[PDB]
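Visitor: Take a look at the following structure, please.
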Amino acid sequence: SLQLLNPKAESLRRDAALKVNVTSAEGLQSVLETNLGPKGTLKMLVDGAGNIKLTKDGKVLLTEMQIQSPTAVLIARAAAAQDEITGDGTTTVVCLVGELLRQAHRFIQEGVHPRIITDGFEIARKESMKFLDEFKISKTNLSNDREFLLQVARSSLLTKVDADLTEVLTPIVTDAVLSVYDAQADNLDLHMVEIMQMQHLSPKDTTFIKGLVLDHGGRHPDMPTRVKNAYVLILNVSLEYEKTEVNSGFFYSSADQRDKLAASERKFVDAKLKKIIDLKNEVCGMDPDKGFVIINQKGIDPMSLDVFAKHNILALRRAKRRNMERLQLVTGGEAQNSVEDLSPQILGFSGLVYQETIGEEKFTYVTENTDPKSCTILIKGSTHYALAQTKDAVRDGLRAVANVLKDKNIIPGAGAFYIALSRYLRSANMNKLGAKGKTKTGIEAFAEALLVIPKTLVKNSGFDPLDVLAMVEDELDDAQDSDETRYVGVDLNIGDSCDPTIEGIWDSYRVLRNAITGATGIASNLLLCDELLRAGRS
Amino acid sequence: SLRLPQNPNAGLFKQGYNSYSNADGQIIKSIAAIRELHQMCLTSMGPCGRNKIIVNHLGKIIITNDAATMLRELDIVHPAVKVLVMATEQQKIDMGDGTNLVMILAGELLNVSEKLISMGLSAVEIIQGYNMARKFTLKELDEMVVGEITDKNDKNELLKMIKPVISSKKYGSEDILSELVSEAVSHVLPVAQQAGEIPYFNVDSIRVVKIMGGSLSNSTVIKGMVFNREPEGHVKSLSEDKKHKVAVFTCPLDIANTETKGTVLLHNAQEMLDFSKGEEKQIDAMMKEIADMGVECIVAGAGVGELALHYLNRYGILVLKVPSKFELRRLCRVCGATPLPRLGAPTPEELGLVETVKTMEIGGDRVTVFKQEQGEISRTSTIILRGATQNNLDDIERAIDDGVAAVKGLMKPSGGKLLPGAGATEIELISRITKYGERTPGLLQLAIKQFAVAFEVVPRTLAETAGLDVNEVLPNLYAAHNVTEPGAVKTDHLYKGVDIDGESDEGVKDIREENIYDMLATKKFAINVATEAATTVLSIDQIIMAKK
Amino acid sequence: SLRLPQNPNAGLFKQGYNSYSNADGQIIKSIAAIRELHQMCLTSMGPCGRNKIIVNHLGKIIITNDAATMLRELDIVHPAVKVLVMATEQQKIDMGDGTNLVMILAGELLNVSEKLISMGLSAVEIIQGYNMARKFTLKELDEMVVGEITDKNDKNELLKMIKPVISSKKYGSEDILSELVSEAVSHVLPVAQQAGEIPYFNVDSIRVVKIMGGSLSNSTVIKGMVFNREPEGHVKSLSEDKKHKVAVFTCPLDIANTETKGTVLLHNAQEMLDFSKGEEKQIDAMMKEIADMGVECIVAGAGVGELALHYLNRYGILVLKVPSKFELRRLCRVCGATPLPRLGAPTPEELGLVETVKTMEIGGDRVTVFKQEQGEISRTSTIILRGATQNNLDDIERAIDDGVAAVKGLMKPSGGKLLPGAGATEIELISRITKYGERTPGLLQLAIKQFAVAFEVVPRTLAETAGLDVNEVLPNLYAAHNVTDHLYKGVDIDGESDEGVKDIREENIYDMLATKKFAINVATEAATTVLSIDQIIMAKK
Ligand SMILES: Nc1ncnc2c1ncn2[C@@H]1O[C@H](COP(=O)(O)OP(=O)(O)O)[C@@H](O)[C@H]1O
Ligand SMILES: Nc1ncnc2c1ncn2[C@@H]1O[C@H](COP(=O)(O)OP(=O)(O)O)[C@@H](O)[C@H]1O
Ligand SMILES: Nc1ncnc2c1ncn2[C@@H]1O[C@H](COP(=O)(O)OP(=O)(O)O)[C@@H](O)[C@H]1O
Ligand SMILES: [Mg+2]
Ligand SMILES: [Mg+2]
Ligand SMILES: [Mg+2]
């Protein structure tokens with residue numbers, strides 16, 4: 001039908017479209033199968049430029065390696081979109097769609113329709129949402145348990161990096177997250193927590209700074225390096241020259257009038273500097289002990305830097321949009337734009353301001369605040385890929401622990417959620433459900449597909465995956481009759497079951513919810529498609 | 001049968017992308033890929049090390065014995081080898097000392113790891129083995145330390161510091177090269193004894209200007225600095241004592257033109273007559289306030305006009321060009337002047353002090369000198385380095401950067417904390433780490449054992465490059481440490497090391513009287529970054545590339 | 001999302017193999033594609049049909065409005081068409097009549113079955129439907145016979161036989177060509193009071209000698225044959241001897257040489273002198289015996305030597321080569337002699353009789369005519385065709401081959417009874433099958449009805465070539481069958497065809513029973529194969 005219409009085209013239908021979606025799914029699954037879990041293998045990505053970037057995140061692997069298949073680009077958007085808002089569960093979405101297609105394809109070969117199979121996944125998904133309410137556990141945030149946040153931070157950090165980096169980088173996240181909770185209980189991740197690159201001694205020397213760190217310092221030598229008590233000032237006004245909207249020549253007639261008009265360039269700048277001097281006169285007391293610093297969002301003229309250097313005022317220019325939205329949280333002051341209306345109330349407070357330089361670059365450190373509402377995480381590293389590995393680790397770790405404070409619940413992991421849904425879907429009475437007909441295998445297909453995830457953790461350790469679930473099955477058979485509510489786990493060190501409640505392995509709530517919802521939608525849409533084709537003008 | 005299916009489901013990725021897993025002996029190949037350029041580093045460590053020719057696509061050649069420097073120009077395909085390039089680049093930037101070691105140690109840790117992975121040790125246990133060895137290695141470096149400097153400025157102490165550093169890069173003669181650095185270090189340091197002030201030192205203070213011709217013995221130590229400039233108006237020997245004054249201006253010595261459309265406007269002939277003379281009288285009037293302060297040389301930051309030049313050389317004011325930012329900032333540190341962009345009167349407190357400004361022929365071209373005297377000392381001194389081949393000037397200049405980088409190692413920590421060199425610091429850790437393997441149980445003992453075997457490359461390399469048979473020189477040196485510490489105190493078997501030239505057998509007559517030592521701060525970060533180089537290469541089990 | 005994964009069964013069968021299975025749409029692709037060649041045989045159908053010029057790769061041009069001759073030369077890449085090609089060739093080699101109905105009825109069953117497959121009826125049931133409908137068609141044709149012939153000897157009785165066949169191909173020539181074919185069959189058949197027990201007849205009895213030039217009316221019948229050959233030696237007497245004994249030798253007239261090669265050996269000059277006369281006296285001993293019995297004509301298949309030709313010239317014996325072996329035995333059937341590879345001597349029992357042999361030019365070229373009067377002949381005849389172009393005479397030969405092939409189709413079986421033609425029995429079968437479909441309830445009733453609709457093309461194809469409206473004469477013809485007289489209703493082809501009714505007996509248009517039965521069977525078997533296949537596997541080039 002397509003060859004007589006289009007003189008050139010490609011068409012697959014009714015057996016190859018199903019084999020393509022399953023073969024491409026099994027192919028992409030094998031790539032990210034080994035990365036899943038704590039003992040998984042690392043993966044570097046080097047392009048033709050020659051740069052190196054190292055991480056285990058499936059999003060970085062998918063959004064850097066170009067892919068030609070039409071199925072995998074939907075898995076790429078699904079794995080990326082789930083991680084872009086949640087920050088965790090990337091490879092879990094690929095494994096579910098990677099496993100649910102092959103687990104249903106065996107029954108498509110038997111002759112079951114794709115429509116009624118996907119109808120079983122949807123009604124089975126509603127059972128999992130009802131199971132999340134009973135499976136989760138309530139946790140009160142008023143206790144302010146720091147040990148509970150430490151265990152959540154080690155869940156994601158142990159997966160990416162080893163124990164040496166996890167132990168030193170875990171309390172860096174906990175100290176940053178401990179300040180997030182407040183009376184308003186409004187979560188703020190992007191403005192409050194930041195990441196900055198700095199090539200320094202080693203990755204292990206990452207330290208926590210309570211104040212806002214800046215990537216610039218004092219240009220002039222005579223300007224002060226260290227300041228004990230520095231009251232900041234925010235000004236978004238540009239203090240260099242301005243070209244003035246079509247204004248043209250300073251038509252000068254005589255030679256004396258030439259430089260007389262050139263001196264007017266300083267008058268516009270000096271009109272704004274005098275307001276700073278008038279502000280300094282109000283806070284002139286204890287001038288050797290105290291200090292003053294000005295932070296500008298736009299550039300400052302080098303002619304005006306000597307004015308600040310004479311009065312021992314520290315100058316910082318060309319700040320980011322985000323840093324201006326963070327000085328009020330750290331120093332406690334208020335922002336200002338125009339130099340007309342000033343007051344001492346808007347000035348912040350800082351207990352220690354010092355600068356340290358390496359090579360050509362220079363960094364400014366601010367800390368020792370009275371009541372800092374925000375902070376930073378200055379990560380140290382050796383190579384560029386070391387920063388990229390710490391970028392993805394801190395980016396995925398902050399989002400995972402931040403979601404625990406959003407809600408009042410937390411899901412235990414280590415296969416407890418998948419193993420619990422297996423017994424629930426395989427033992428629940430079907431008469432309570434509304435599905436009938438050939439929906440018998442759809443419940444078994446999706447229930448059995450969840451088992452492949454916790455044994456993929458075992459496949460990286462090298463043990464037999466089927467044998468380490470024998471005692472797990474025998475434990476739950478007696479746990480229901482023993483009248484003791486416990487949740488089992490999968491410990492890869494010894495190859496035996498464990499309890500995530502005491503070991504500290506946990507997982508966020510919206511990760512597993514959005515993962516199955518996004519995976520079931522993608523896997524269902526790929527099953528119903530029975531024809532592939534390419535056509536268009538080019 | 002005639003053709004395979006050629007890897008089905010390969011259209012998931014592009015045709016140019018390739019995967020490289022741990023299987024198929026590819027981790028052995030990555031160790032072999034390190035072994036290609038690692039053997040190039042064998043003949044470049046030590047005082048008998050051989051330099052390397054590197055011809056770039058542009059044709060710029062640099063001849064050198066230093067790892068971090070040679071690896072910058074070579075375009076590398078293997079990513080695991082690039083870890084060593086950036087690891088040595090980190091070594092050069094931070095400490096500026098011990099880059100071959102980063103290369104020769106981390107390459108040998110991958111060499112002995114070739115035996116461990118072949119035996120069947122898991123990669124996770126290998127990282128735990130070297131980390132536990134690293135904590136014990138850095139601990140024992142602080143224990144077996146002997147000696148300290150305790151004085152920032154001394155003639156004899158600096159010979160113990162600079163001489164073992166520059167002995168690797170362009171050894172040559174010892175005294176003529178060491179005295180140029182020890183004399184220049186004393187000039188720039190703020191001594192200030194019995195004051196309690198914090199010391200301070202900058203790597204950018206000491207800078208070497210390359211001048212062709214002459215010989216290495218004719219090199220002198222200049223108090224000030226030098227450029228290859230020409231005075232515009234006139235040259236002056238300046239035989240007048242009673243020191244001159246210095247005024248630095250960052251703006252050009254000309255009329256400050258309007259930034260927005262500076263154009264003449266003359267409505268009548270009365271303005272036409274006075275406009276030509278007005279510029280002359282205006283420029284002259286600005287020079288009166290400058291000339292009355294007693295200044296005789298002004299350093300300009302950009303192009304100077306001819307009318308301003310006519311009034312400067314009238315009173316004999318020298319003009320100097322510095323058309324860049326850093327070239328103008330380095331000169332203010334010598335005389336201690338504070339520049340101001342205005343064309344007004346320099347402040348008397350801000351005027352600099354320079355006694356003489358000579359112009360002589362060194363390399364056939366015109367150069368201007370700013371030698372100070374013993375009174376009113378200055379900082380940011382230079383070293384006139386004379387040589388025949390421009391390629392040798394480049395490597396000797398970076399040897400001063402390594403020596404100046406070694407002086408930085410004294411400021412931050414509490415003191416010097418020197419160690420015995422000539423392989424003595426490496427061979428001592430072999431016995432201590434070997435004993436540590438016997439104390440710990442578990443399957444990690446083989447990782448601790450092979451970590452000690454990797455440290456044999458320093459004495460094995462120095463014995464191979466010295467033209468001696470390593471099979472006889474190495475076990476002869478083990479006899480000094482197999483006779484371990486008896487009941488008598490003050491044992492002197494720690495200073496035994498290899499020898500490049502001389503007596504048979506080789507245990508050197510101590511590294512003592514020889515006055516060669518190593519820095520603690522270099523060994524700390526070198527073993528740290530070398531272990532990180534082996535950690536990142538051994539921890540990864542799959543590699544993915546593109547386009548090749 | 002740029003390059004596909006390329007169908008990962010590409011490790012299986014090579015790129016040259018193409019699969020065109022069903023569900024994908026094979027049936028829709030095939031039934032349609034073949035509608036182009038279906039219109040070729042449809043336009044070339046009937047007495048007013050259009051002949052089609054087919055130029056093969058060698059360049060030999062042909063112009064024939066049949067179907068077997070056309071499709072033999074057409075290099076057709078489509079495999080489903082080729083089932084119809086050699087199925088039509090089976091009709092050519094066996095019966096020699098009905099190539100066109102087959103290409104038309106076989107294609108129309110696939111065209112009319114579009115409704116069955118599109119509605120969703122099972123393909124297996126359609127094969128069972130046409131098979132049971134085929135059995136009812138064969139049983140029902142016997143009852144509609146009114147032409148039970150038992151004489152099959154006289155010439156006027158063949159006017160109901162040969163003239164409908166000749167009227168199809170080049171309708172303008174009926175009486176002339178029928179006189180040639182009918183007079184040829186009378187010479188072929190022997191004179192006897194009652195010849196029975198299935199007398200033998202073959203297509204090689206009546207041959208066709210094509211002569212360039214001359215109008216078709218100037219043709220004539222020759223009992224012998226005519227060869228484009230040059231006689232040698234003398235001119236004939238043409239009335240003097242009154243009869244001529246003709247010996248046919250397979251081997252040439254020469255000294256008997258062995259298969260193994262030899263040469264002349266002479267030990268002395270005495271044998272050299274006698275060798276010149278020895279060869280002359282050797283043939284003279286064998287040639288003089290032939291002339292004693294009066295053999296006035298010798299035919300040697302291989303090349304005749306000059307020494308043997310010289311002795312025959314003085315006695316006045318006719319010589320002839322006849323190099324081809326197939327046409328050598330046909331001359332023996334005329335005279336009534338046997339081949340003789342041995343030289344031997346002529347015997348009276350093995351030697352035949354020939355009245356006279358005369359030489360002239362018919363179309364400018366000198367030829368040898370073996371016409372004889374008052375002689376006994378057995379299974380031999382020829383038709384001398386005169387025409388303006390060689391391209392037209394080629395179609396007259398195949399028309400005569402189809403005419404005499406019908407004589408083979410009559411006399412070989414026990415009965416070759418007639419049927420009403422001109423769109424008379426085809427519309428009757430539509431009424432019979434329409435009533436048969438209601439007798440058997442079931443899902444196969446739809447196949448029985450659509451099998452009857454496929455027979456509609458036979459009347460309207462005569463109307464389409466006649467420039468008449470199909471929607472007027474075809475439904476008007478059904479009203480004539482309402483009710484013997486209703487059986488002899490047919491399609492008229494004339495300017496007065498507005499009524500659409502013409503009696504069959506006025507012009508005596510008839511068709512054969514065995515020809516239509518074999519055509520319906522091969523047509524149903526052709527449609528059975530095309531509807532039974534689902535997958536078609538090609539290959540490279
Ligand atoms: N140390 C551990 N012990 C047991 N299970 C773990 C451990 N670390 C991670 N997991 C499990 O691995 C799964 C994936 O973790 P994570 O890397 O955060 O998500 P993703 O692999 O989708 O990016 C989680 O379900 C978690 O329970
Ligand atoms: N003359 C000498 N005798 C004995 N040992 C020496 C001598 N010169 C250098 N060495 C040893 O050779 C080693 C070479 O160190 P190397 O890595 O080349 O230093 P650098 O970092 O300056 O390149 C030193 O650690 C030192 O102990
Ligand atoms: N003068 C005529 N009047 C009516 N019908 C005619 C006339 N001449 C020929 N026909 C019809 O034209 C048809 C041509 O059939 P044809 O395809 O030649 O038969 P076959 O397929 O057996 O070779 C015949 O069935 C015959 O009935
Ligand atoms: Mg994760
Ligand atoms: Mg050194
Ligand atoms: Mg016919």
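In the structure tokens, chains take letters A, B, ... by order of appearance, with residues numbered from 1 within each chain and ligands from 1 in the order shown.
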For a quick test of understanding: name the residues of chain C lying within 10 Å of chain A when counting only C-alpha atoms, and present them as a list in words.
Guide: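 Taken together, these residues fit the definition: residues 1, 2, 3, 4, 5, 6, 7, 8, 9, 23, 24, 25, 28 and 29 of chain C.
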Visitor: Got a sec: who's within 12 Å of residue 193 in chain C, counting only C-alpha atoms, leaving out chain neighbours fewer than 4 positions off, as a list in words?
Guide: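 Counting only C-alpha atoms, the residues come to residues 151, 153 and 189 of chain C.
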Visitor: List every residue of range 275-310 of chain B that DSSP, applied to the backbone of this structure, places in strand (DSSP E or B), and write the result as a PyMOL selection string.
Guide: chain B and resi 295-300
Visitor: Counting only C-alpha atoms, a student should be able to say which residues of chain B come within 8 Å of chain C; what is the right answer, written as a list in words?
Guide: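 Those within range of chain C come out as residues 4, 5, 8, 9, 10, 11 and 12 of chain B.
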Visitor: Around ligand 4, at most 9 Å away and counting only C-alpha atoms and all ligand atoms, which residues are there? Put them as a PyMOL selection string, please.
Guide: chain A and resi 36-37+57+87-92+155-157+159-160+393+396-397+400+507
Visitor: Sort by chain and increasing residue number a table of all residues of chain A within 9 Å of chain B, each with its closest pair of atoms and their distance in Å to one decimal, counting only C-alpha atoms, and write it as JSON lines.
Guide:
```
{"residue": "A:20", "atom": "CA", "partner": "B:9", "partner_atom": "CA", "distance": 8.8}
{"residue": "A:23", "atom": "CA", "partner": "B:9", "partner_atom": "CA", "distance": 6.9}
{"residue": "A:24", "atom": "CA", "partner": "B:9", "partner_atom": "CA", "distance": 6.6}
{"residue": "A:27", "atom": "CA", "partner": "B:9", "partner_atom": "CA", "distance": 6.7}
{"residue": "A:28", "atom": "CA", "partner": "B:12", "partner_atom": "CA", "distance": 7.4}
{"residue": "A:39", "atom": "CA", "partner": "B:124", "partner_atom": "CA", "distance": 8.0}
{"residue": "A:41", "atom": "CA", "partner": "B:541", "partner_atom": "CA", "distance": 5.6}
{"residue": "A:42", "atom": "CA", "partner": "B:540", "partner_atom": "CA", "distance": 4.9}
{"residue": "A:43", "atom": "CA", "partner": "B:542", "partner_atom": "CA", "distance": 5.7}
{"residue": "A:44", "atom": "CA", "partner": "B:543", "partner_atom": "CA", "distance": 5.7}
{"residue": "A:45", "atom": "CA", "partner": "B:544", "partner_atom": "CA", "distance": 5.6}
{"residue": "A:46", "atom": "CA", "partner": "B:545", "partner_atom": "CA", "distance": 5.2}
{"residue": "A:47", "atom": "CA", "partner": "B:546", "partner_atom": "CA", "distance": 5.2}
{"residue": "A:48", "atom": "CA", "partner": "B:547", "partner_atom": "CA", "distance": 6.1}
{"residue": "A:50", "atom": "CA", "partner": "B:77", "partner_atom": "CA", "distance": 7.5}
{"residue": "A:51", "atom": "CA", "partner": "B:79", "partner_atom": "CA", "distance": 8.7}
{"residue": "A:52", "atom": "CA", "partner": "B:79", "partner_atom": "CA", "distance": 7.2}
{"residue": "A:65", "atom": "CA", "partner": "B:13", "partner_atom": "CA", "distance": 7.1}
{"residue": "A:66", "atom": "CA", "partner": "B:13", "partner_atom": "CA", "distance": 6.2}
{"residue": "A:67", "atom": "CA", "partner": "B:13", "partner_atom": "CA", "distance": 4.5}
{"residue": "A:68", "atom": "CA", "partner": "B:12", "partner_atom": "CA", "distance": 5.8}
{"residue": "A:69", "atom": "CA", "partner": "B:12", "partner_atom": "CA", "distance": 5.2}
{"residue": "A:70", "atom": "CA", "partner": "B:12", "partner_atom": "CA", "distance": 8.8}
{"residue": "A:71", "atom": "CA", "partner": "B:12", "partner_atom": "CA", "distance": 9.0}
{"residue": "A:72", "atom": "CA", "partner": "B:12", "partner_atom": "CA", "distance": 7.2}
{"residue": "A:164", "atom": "CA", "partner": "B:131", "partner_atom": "CA", "distance": 8.9}
{"residue": "A:199", "atom": "CA", "partner": "B:90", "partner_atom": "CA", "distance": 8.3}
{"residue": "A:200", "atom": "CA", "partner": "B:94", "partner_atom": "CA", "distance": 7.8}
{"residue": "A:201", "atom": "CA", "partner": "B:94", "partner_atom": "CA", "distance": 7.6}
{"residue": "A:202", "atom": "CA", "partner": "B:529", "partner_atom": "CA", "distance": 7.7}
{"residue": "A:222", "atom": "CA", "partner": "B:338", "partner_atom": "CA", "distance": 8.7}
{"residue": "A:243", "atom": "CA", "partner": "B:260", "partner_atom": "CA", "distance": 7.6}
{"residue": "A:247", "atom": "CA", "partner": "B:260", "partner_atom": "CA", "distance": 8.1}
{"residue": "A:248", "atom": "CA", "partner": "B:260", "partner_atom": "CA", "distance": 6.0}
{"residue": "A:249", "atom": "CA", "partner": "B:261", "partner_atom": "CA", "distance": 4.3}
{"residue": "A:250", "atom": "CA", "partner": "B:262", "partner_atom": "CA", "distance": 6.2}
{"residue": "A:251", "atom": "CA", "partner": "B:265", "partner_atom": "CA", "distance": 6.1}
{"residue": "A:252", "atom": "CA", "partner": "B:265", "partner_atom": "CA", "distance": 5.8}
{"residue": "A:253", "atom": "CA", "partner": "B:265", "partner_atom": "CA", "distance": 4.8}
{"residue": "A:254", "atom": "CA", "partner": "B:275", "partner_atom": "CA", "distance": 5.6}
{"residue": "A:255", "atom": "CA", "partner": "B:278", "partner_atom": "CA", "distance": 5.3}
{"residue": "A:256", "atom": "CA", "partner": "B:278", "partner_atom": "CA", "distance": 7.0}
{"residue": "A:258", "atom": "CA", "partner": "B:257", "partner_atom": "CA", "distance": 7.5}
{"residue": "A:259", "atom": "CA", "partner": "B:256", "partner_atom": "CA", "distance": 6.6}
{"residue": "A:261", "atom": "CA", "partner": "B:258", "partner_atom": "CA", "distance": 7.6}
{"residue": "A:262", "atom": "CA", "partner": "B:258", "partner_atom": "CA", "distance": 5.4}
{"residue": "A:265", "atom": "CA", "partner": "B:258", "partner_atom": "CA", "distance": 8.6}
{"residue": "A:303", "atom": "CA", "partner": "B:341", "partner_atom": "CA", "distance": 7.2}
{"residue": "A:306", "atom": "CA", "partner": "B:340", "partner_atom": "CA", "distance": 7.8}
{"residue": "A:358", "atom": "CA", "partner": "B:94", "partner_atom": "CA", "distance": 8.1}
{"residue": "A:359", "atom": "CA", "partner": "B:93", "partner_atom": "CA", "distance": 7.5}
{"residue": "A:382", "atom": "CA", "partner": "B:90", "partner_atom": "CA", "distance": 6.9}
{"residue": "A:383", "atom": "CA", "partner": "B:86", "partner_atom": "CA", "distance": 6.5}
{"residue": "A:384", "atom": "CA", "partner": "B:86", "partner_atom": "CA", "distance": 9.0}
```
Visitor: If the limit is 7 Å from any atom of ligand 2, counting only C-alpha atoms and all ligand atoms, which residues qualify? Return them as a list in words.
Guide: residues 45, 46, 47, 66, 97, 98, 99, 100, 101, 164, 165, 166, 167, 168, 169, 402, 421, 422, 423, 498, 499, 500, 511, 516, 517 and 518 of chain B
Visitor: Which residues are near ligand 6 - at most 7 Å, using only C-alpha atoms and all ligand atoms? Format: as a short mmCIF file (atom, residue, chain, number, x, y, z; two decimals) with N, CA, C and O atoms, in the first residue's frame.
Guide:
```cif
data_model
loop_
_atom_site.label_atom_id
_atom_site.label_comp_id
_atom_site.auth_asym_id
_atom_site.auth_seq_id
_atom_site.Cartn_x
_atom_site.Cartn_y
_atom_site.Cartn_z
N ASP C 97 -7.84 -25.05 -29.06
CA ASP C 97 -9.00 -24.18 -29.19
C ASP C 97 -9.44 -23.76 -27.80
O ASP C 97 -9.52 -24.60 -26.89
N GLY C 98 -9.73 -22.47 -27.63
CA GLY C 98 -10.12 -21.90 -26.36
C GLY C 98 -9.00 -21.23 -25.59
O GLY C 98 -9.11 -21.09 -24.37
N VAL C 165 -15.24 -21.47 -36.23
CA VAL C 165 -13.87 -21.30 -35.77
C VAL C 165 -13.15 -20.27 -36.63
O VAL C 165 -12.43 -19.40 -36.12
N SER C 168 -14.17 -16.47 -36.12
CA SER C 168 -13.60 -15.72 -35.01
C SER C 168 -12.34 -14.98 -35.44
O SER C 168 -12.23 -13.76 -35.23
#
```
Visitor: Give me the residues within 8 Å of range 472-489 of chain A as JSON, numbers by chain, counting only C-alpha atoms and dropping any in the same chain fewer than 5 places off.
Guide: {"A": [413, 414, 415, 416, 497, 498, 499, 500, 501]}
Visitor: Run DSSP on the backbone and give me the residues of range 8-221 of chain C it puts in alpha helix (DSSP H), as a PyMOL selection string.
Guide: chain C and resi 26-33+35-43+68-73+79-94+99-112+114-119+123-140+162-168+175-188
Visitor: One decimal, in Å: what's the spacing between CA of residue 409 in chain B and CA of residue 106 in chain B?
Guide: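 We find that CA of residue 409 in chain B and CA of residue 106 in chain B lie 23.0 Å from each other.
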Visitor: Please provide the set of residues having any atom within 9 Å of residue 357 in chain B, restricted to only C-alpha atoms, with same-chain residues fewer than 3 positions apart removed, written as a list in words.
Guide: residues 236, 237, 238, 354, 368, 369, 370 and 371 of chain B
Visitor: Can you pull out every residue within 10 Å of residue 35 in chain C, counting only C-alpha atoms, but drop anything in the same chain fewer than 5 positions away, and send it as a short mmCIF file (atom, residue, chain, number, x, y, z; two decimals) with C-alpha atoms, in the first residue's frame?
Guide:
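See out_28.cif below for the written result:
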```
data_model
loop_
_atom_site.label_atom_id
_atom_site.label_comp_id
_atom_site.auth_asym_id
_atom_site.auth_seq_id
_atom_site.Cartn_x
_atom_site.Cartn_y
_atom_site.Cartn_z
CA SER C 30 -2.26 -9.53 -7.58
CA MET C 40 -5.46 -7.45 -23.52
CA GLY C 107 -8.90 -13.86 -14.81
CA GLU C 108 -12.55 -12.94 -14.30
CA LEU C 110 -10.17 -13.62 -9.68
CA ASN C 111 -11.70 -10.25 -10.57
#
```
